[PDB]
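Next up is one chain by itself, shown in structure tokens, the form solved without this ligand.
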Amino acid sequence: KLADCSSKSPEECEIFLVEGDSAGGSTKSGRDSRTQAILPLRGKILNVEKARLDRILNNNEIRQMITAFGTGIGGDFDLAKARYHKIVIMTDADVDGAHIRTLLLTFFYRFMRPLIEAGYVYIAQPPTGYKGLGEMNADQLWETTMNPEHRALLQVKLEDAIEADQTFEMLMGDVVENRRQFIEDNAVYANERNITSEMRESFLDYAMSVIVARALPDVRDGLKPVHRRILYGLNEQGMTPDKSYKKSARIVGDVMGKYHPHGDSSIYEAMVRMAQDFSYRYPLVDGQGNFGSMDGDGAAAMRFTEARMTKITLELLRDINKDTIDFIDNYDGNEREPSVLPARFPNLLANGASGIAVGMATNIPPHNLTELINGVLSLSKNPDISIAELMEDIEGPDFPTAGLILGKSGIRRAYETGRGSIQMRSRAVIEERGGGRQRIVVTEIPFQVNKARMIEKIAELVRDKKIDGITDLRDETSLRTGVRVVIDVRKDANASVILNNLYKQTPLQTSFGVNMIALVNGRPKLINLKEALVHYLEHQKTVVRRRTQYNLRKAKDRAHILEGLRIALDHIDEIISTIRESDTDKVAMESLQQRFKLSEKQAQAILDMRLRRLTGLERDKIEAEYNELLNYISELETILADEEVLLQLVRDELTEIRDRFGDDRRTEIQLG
């Protein structure tokens, strides 16, 4: 793995650390080989501030580095035996390289301090706008970043042992609470180097990145960027329900050239999760081929699979090209993307969310679309509606895997505060199997409980004689039968006691521990149910208001044009003779505007008209269209005038989603 330099003279040799081999080859092809050694790593390195010494010292990349440096570590560390006098960090110019970078400083800091103290450690500054250094051309990497004559290494300064320790303790250490509070305080949601300055800046930039632009969903359409991009990716290449499937690999290439500069499996498996009906309560993707199973199996590889939108997914993208939502430059400015989807149903809650961020994490369960909506409706009529009153409509989450939820206290605590624990329970019955003996039949398991892994924890529990009663465990699941897991019982054993044991002892009963965080105005926030429904319904007010302002503007732009087309066709031949006497396109435009009182666009419209638009009935079609538009226009000014009318539309259109898409509660909420 080590491409070493040739000179064995420490003082003038330096070593570069890079994220892996894609970067290695460009750095090996660009280095001055005499004095510069290259070490590739393997992406995210161990956080050593967190992991203990047996893990540390048995980690492949740390070993190589210690070896590489010849210094030993900790006590043993010694500065004379250093094989290089410049150890240079040179990670991707991206937030994930900024993190790797803090992961290395932490490591150097806890095991190789004297090294930062002799001023041996440096950070390299490659130019932004590449995905990794494996995207740079050889010379260019060398010239802007590795050539000792034009390059700009930041040398790492340690100024205060006290400050440094604390810094590290907070940012990299296991206590999430002080790392979280570091963020709230410093976050702004919109050449020698001080190691504390660097650690603080670099980890923040990564945290703020992970929080707003990765791991947590938006309140308004329920999605995290990758899902938004994918789903935006499909829409743009109209890979719609009524059209045939399309190749998983083209979709993912497209999405990764255009909206998502992250790896292909982070994206392809995002798309798969959206296709699985045991993951999404209302699947957003339609899946052709092997897309996984409840025994944890991965999808086929993405050359085999094909996909397109679910019908429900169109209701997220409806009204998108009517100015409803702001577009933003994508990562490289060659392309535009939606900052949010219209989302004509409350996605966040219906399909829920799970996500791990920094200094926090989120976990929102799925719900039943019929309930949500009826709930949104009640609140549309009563801004003061209480949480007791919402749970008349929304009984509680509703899993794609169904099963039971034991009681309303947890639901209640979690809808009131955004936090609470809900005990999920498999659907199990006890039934006879002939010969005077019984069995347990579970046919439904909790949400996010791997069945084969649960079926092994059970086998394990009987293998290790921690449970008396069980005579055989089989998995009789199939497409025909559905999920069917059978557990025989030994003759005469009570089977209720045995089932109950399994609930306490196995994932057969799991706790979903709700933590309803989502992105409210690009800043993360713990919300309870009413907050969530309010932001969403605030979002629909803007989606309809803006679609209607759009249509009105469009409608007026048209009627102006028909005002001009009417006049052509009412003066046709003197229009024709105006054009013919004139030589250039501009001089014609000059003459019509002035002659028949036109605007630029009208004259322009008149000049773009085909002769087939002069056939006889054409005049009338026009007049017929002008009048209906005037009507139309009037209506849309009604709807922007009266807030109640505006908010009455939203309902109507909401009432129509429910009608078309709403389905029966799957998960039962036993009480007691």
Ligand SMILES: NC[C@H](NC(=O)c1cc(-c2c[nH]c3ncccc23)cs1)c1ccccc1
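Definition used throughout: the rigid core is the maximal C-alpha set that superposes within 1.5 Å between two forms. The first residue of the sequence shown is number 1, and the count goes up from there.
Although it is not shown, the form solved in complex with this ligand is what the next lines describe.
- request: Give a yes/no on whether residue 596 approaches this ligand to within 4.5 Å in the deposited bound form, heavy atoms considered.
  value: Contact with this ligand, yes.
query: Is residue 188 one of the residues lying within 4.5 Å of this ligand in the deposited bound form, judged by heavy atom distances?
result: So residue 188 counts as contacting this ligand.
- request: Consider residue 524 of the chain shown here, and say whether it contacts this ligand in the deposited bound form, taking contact as heavy atoms within 4.5 Å.
  value: Result yes; residue 524 sits at the interface with this ligand in the deposited bound form.
query: Is residue 211 a contact residue for this ligand in the deposited bound form, using a 4.5 Å heavy atom cut-off?
result: Yes, residue 211 sits close enough to this ligand in the deposited bound form that at least one of its heavy atoms falls within 4.5 Å.
- request: Would you mind picking out the stretch of 313-321, 408-416, 83-91, 559-567 that comes within 4.5 angstroms of this ligand in the deposited bound form, counting non-hydrogen atoms?
  value: Result for this chain: 559-567.
query: Among the candidate residues 332, 392, 574, 159, which is the single one with a non-hydrogen atom no more than 4.5 Å from this ligand in the deposited bound form?
result: Looking at 332, 392, 574, 159 one by one, just 574 meets the 4.5 Å heavy-atom criterion.
task: Find the only residue in 121, 348, 360, 376 having a heavy atom within 4.5 Å of this ligand in the deposited bound form.
output: Only one option qualifies, and that one is 360.
field: Position with Cα shift of 2 Å or more, rigid core superposed between this form and the one not shown, options 172, 164, 579, 199
entry: C-alpha shift of at least 2 Å: 579.
message: Core superposed first: is there a CA shift of 2 Å or greater at residue 592 between this form and the one not shown?
response: Yes, the C-alpha position differs by at least 2 Å between this form and the one not shown.
query: Once everything's superposed on the core, is residue 258 shifted 2 Å or more at the Cα between this form and the one not shown?
result: Stays below the 2 Å threshold, so no.
query: Quick one: once the rigid core is lined up, does residue 132 have its C-alpha move by 2 Å or more between this form and the one not shown?
result: True for residue 132: a C-alpha shift of 2 Å or more.
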